[PDB]
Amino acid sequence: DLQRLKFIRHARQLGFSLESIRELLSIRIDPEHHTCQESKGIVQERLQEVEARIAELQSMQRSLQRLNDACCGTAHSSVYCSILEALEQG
């Protein structure tokens, strides 16, 4: 029951890079020589990384939604498929 393992798992579940986690463990073991500025910087970095991803994934999701909704999804010959036509224009 080494408590820092739970700490690490939680940082992991938040998608912190191994390098960021090393920094956090460094702060955790010696708090008297680190500040809120350092720990917050690590969080802001990870937060910006996540928000940028979510944005580029939602862009894809919107395009994928249009592609999905326009196709009939039946035995209709793919010779007429809008999905292939769309991927052609991009």
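Numbers follow the displayed sequence, beginning with 1.
When the modelled residues of the chain are ordered by C-alpha B-factor, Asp30 sits in the lowest third. Among the modelled residues of the chain, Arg22 sits in the lowest third by CA temperature factor in this PDB entry. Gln13: CA B factor lies in the highest third for its chain, per the PDB record. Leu2: CA B factor lies in the highest third for its chain, per the PDB record. Looking at the C-alpha B-factors along this chain, the one for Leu47 belongs to the highest third.
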